[PDB]
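Here the structure comes first, spelled out in C-alpha cells, and everything after it is commentary.
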Amino acid sequence: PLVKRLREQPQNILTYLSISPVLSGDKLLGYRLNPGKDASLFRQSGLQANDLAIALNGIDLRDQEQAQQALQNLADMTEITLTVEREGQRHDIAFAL
Ligand SMILES: CCCCCC/C=C\CCCCCCCCCC(=O)O
C-alpha cells in the first residue's frame with residue numbers, strides 16, 4: 001500500500017502526516033490527510049485538516065499503477081508537489097525535502 005511505502009523515505013513523512021485511503025465503491029477518492037505528531041505543515045498557506053490528496057507531482061494518486069510510478073519517483077526528489085481537494089477546490093502545495 002502507498003502509506004506503507006511512504007515510510008521508507010529518509011524524511012520522516014509519517015511524523016508530519018496521518019494518511020488514510022478513502023474508498024467509495026470500487027473507487028479510491030484519494031488520501032485523507034491530517035497532522036502527524038508534528039503538525040508543522042498545517043497552516044494557512046499549507047495543508048488543512050481533512051484535505052484530500054489527489055495528485056503527487058502531477059500524477060493521479062487515484063490510479064493504482066500511476067501512483068506506484070509517482071511513489072518510486074519521490075525517492076531522489078528535492079521538492080515535491082501535492083494536489084489536494086479542499087471544500088470542492090484544488091490546491092497545490094510544494095514541499096522542500
Ligand atoms: C498521499 C501522498 C502524500 C505524500 C506527501 C509528502 C508530503 C510532505 C513531505 C513533508 C516533509 C517535511 C520535512 C522534510 C524534511 C526536512 C524538513 C524539516 O525541516 O522538517
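Scheme for the C-alpha cells: letters A, B, ... for chains in order shown; per-chain residue numbers from 1; ligand numbers from 1 in order shown.
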Output as a tab-separated table one row per residue of chain A within 6 Å of ligand 1: the closest atom pair and its distance in Å to one decimal place, counting only C-alpha atoms and all ligand atoms, sorted by chain and residue number ascending.
residue	atom	partner	partner_atom_place_in_ligand_line	distance
A:11	CA	ligand 1	15 (C)	4.9
A:13	CA	ligand 1	9 (C)	5.2
A:31	CA	ligand 1	1 (C)	5.4
A:53	CA	ligand 1	1 (C)	5.4
A:95	CA	ligand 1	8 (C)	5.6
A:97	CA	ligand 1	14 (C)	4.3
What would the file look like if the residues just selected were written as a short mmCIF file (atom, residue, chain, number, x, y, z; two decimals), in the first residue's frame with N, CA, C and O atoms?
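After the write, out.cif holds the following:
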data_model
loop_
_atom_site.label_atom_id
_atom_site.label_comp_id
_atom_site.auth_asym_id
_atom_site.auth_seq_id
_atom_site.Cartn_x
_atom_site.Cartn_y
_atom_site.Cartn_z
N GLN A 11 13.08 11.17 4.92
CA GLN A 11 12.32 12.22 5.57
C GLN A 11 11.32 11.36 6.32
O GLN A 11 10.91 10.30 5.86
N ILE A 13 8.25 11.27 6.78
CA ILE A 13 6.97 11.80 6.30
C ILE A 13 5.79 11.51 7.23
O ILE A 13 4.97 12.39 7.46
N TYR A 31 -6.44 10.33 -0.78
CA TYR A 31 -5.88 10.03 0.55
C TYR A 31 -6.19 11.15 1.48
O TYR A 31 -5.80 12.33 1.22
N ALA A 53 -5.77 14.35 -0.66
CA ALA A 53 -4.68 14.29 -1.65
C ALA A 53 -5.10 13.49 -2.88
O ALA A 53 -5.48 12.33 -2.79
N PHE A 95 6.59 21.05 -1.17
CA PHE A 95 7.35 20.69 -0.01
C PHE A 95 8.82 20.48 -0.33
O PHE A 95 9.13 19.68 -1.17
N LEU A 97 12.23 18.83 0.50
CA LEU A 97 12.60 17.58 1.20
C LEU A 97 14.06 17.49 1.63
O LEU A 97 14.78 18.45 1.48
#
What lies within 8 Å of residue 80 of chain A using only C-alpha atoms, ignoring chain neighbours under 6 positions off, as a ChimeraX atom specification? /A:56-57,74,94-97
So that I have them on file, write out the residues from the current selection with N, CA, C and O atoms, as a short mmCIF file (atom, residue, chain, number, x, y, z; two decimals), in the first residue's frame.
data_model
loop_
_atom_site.label_atom_id
_atom_site.label_comp_id
_atom_site.auth_asym_id
_atom_site.auth_seq_id
_atom_site.Cartn_x
_atom_site.Cartn_y
_atom_site.Cartn_z
N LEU A 56 0.30 13.70 -6.94
CA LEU A 56 1.67 13.86 -6.40
C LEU A 56 2.53 14.14 -7.63
O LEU A 56 2.59 13.34 -8.56
N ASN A 57 3.12 15.36 -7.66
CA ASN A 57 3.90 15.80 -8.84
C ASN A 57 3.16 15.64 -10.13
O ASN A 57 3.68 15.22 -11.18
N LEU A 74 9.54 9.67 -6.02
CA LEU A 74 9.78 10.57 -4.86
C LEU A 74 11.15 10.35 -4.16
O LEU A 74 11.75 11.30 -3.61
N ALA A 94 3.68 22.80 -2.35
CA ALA A 94 5.02 22.23 -2.52
C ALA A 94 5.75 22.08 -1.20
O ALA A 94 5.59 22.84 -0.28
N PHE A 95 6.59 21.05 -1.17
CA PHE A 95 7.35 20.69 -0.01
C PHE A 95 8.82 20.48 -0.33
O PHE A 95 9.13 19.68 -1.17
N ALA A 96 9.68 21.22 0.35
CA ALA A 96 11.14 21.05 0.26
C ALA A 96 11.52 19.80 1.09
O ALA A 96 11.11 19.70 2.25
N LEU A 97 12.23 18.83 0.50
CA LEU A 97 12.60 17.58 1.20
C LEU A 97 14.06 17.49 1.63
O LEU A 97 14.78 18.45 1.48
#
Distance in Å - atom CA of residue 93 of chain A versus atom CA of residue 1 of chain A: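 Computing it gives 22.9 Å between the two atoms.
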Leaving out residue 70 of chain A and any residue of its chain fewer than 4 positions from it, which residues lie within 10 Å of it when counting only C-alpha atoms, given as a list in words?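 Near residue 70 of chain A, the qualifying residues are residues 55, 56, 57, 58, 59, 60, 61, 64, 65, 66, 74 and 75 of chain A.
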Report as a ChimeraX atom specification: the residues of chain A with a DSSP assignment of alpha helix (DSSP H), based on the backbone of this structure. /A:2-6,13-16,64-74
Of the listed residues A:34, A:15, A:68, A:81, that which approaches residue 51 of chain A most closely, counting only C-alpha atoms: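 Closest residue, counting only C-alpha atoms: A:34.
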Please list as a VMD selection string every residue within 9 Å of residue 37 of chain A, counting only C-alpha atoms and excluding residues in the same chain fewer than 4 positions away. chain A and resid 14 to 18
From the set A:69, A:62, A:44, A:90, which residue has the shortest atom-to-atom contact distance to residue 26 of chain A, counting only C-alpha atoms? A:62
Selected residue, from A:30, A:35, A:67, A:46, that lies nearest to residue 85 of chain A when counting only C-alpha atoms: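 Of A:30, A:35, A:67, A:46, the one nearest residue 85 of chain A, counting only C-alpha atoms, is A:30.
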Could you please determine the separation between atom CA of residue 21 of chain A and atom CA of residue 71 of chain A in Å, to one decimal place?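 Going from atom CA of residue 21 of chain A over to atom CA of residue 71 of chain A, I get 14.8 Å.
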